[PDB]
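Undergrad: experimental structure and sequence below.
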Amino acid sequence: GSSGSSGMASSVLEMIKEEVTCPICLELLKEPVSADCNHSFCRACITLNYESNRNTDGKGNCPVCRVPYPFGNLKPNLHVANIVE
Ligand SMILES: [Zn+2]
Ligand SMILES: [Zn+2]
């Protein structure tokens, strides 16, 4: 036979997932907060979204699943770590 080749260095960046990103602003979640519906949003977004769209009853609605979640009961999604067992 007869053939040859050389070295090649070509990598790719992280594939911006269109699932984790904020379903509202579609940008890096800044100090987001998880919700009952395992849905987190920009500390601000979540706040505004609620104000703009709220239920006369008192609670609001998720801009993704539209589920009634108790405001304030939001956990910080900043310490997103697991391997730290
Ligand atoms: Zn946002
Ligand atoms: Zn949701």
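TA: Nice, thanks for sending it over. Numbering: from 1, shown residues only. Ligands and ions are numbered 1, 2, ... in the order given.

Undergrad: CA only for contacts and neighbour counts going forward, please
TA: OK.

Undergrad: any idea how far ligand 1 is from the residue lying farthest from the centre of the chain?
TA: Distance to the chain centre peaks in the chain at residue 1, reaching 54.1 Å (criterion: CA atoms, centre = their mean). Taking CA to the ion, to the nearest Å as the measure, residue 1 falls 59 Å from ligand 1.

Undergrad: likewise for residue 56?
TA: Distance of residue 56 to ligand 1, given as CA to the ion: 24 Å.

Undergrad: go on, residue 28?
TA: Using CA to the ion, residue 28 is found at 8 Å from ligand 1.

Undergrad: with residue 22 instead?
TA: Noted for residue 22: a distance of 5 Å to ligand 1, by CA to the ion.

Undergrad: give me the number of residues near that residue?
TA: Residues lying near residue 22 (other CA atoms under 10 Å) number 19.

Undergrad: let me know the helix or strand that the residue most central in space within the chain is in.
TA: When the chain is reduced to its mean C-alpha position, the closest residue under CA atoms, centre = their mean turns out to be residue 20, at 3.8 Å. Following DSSP states H and E, there is no helix or strand that holds residue 20.
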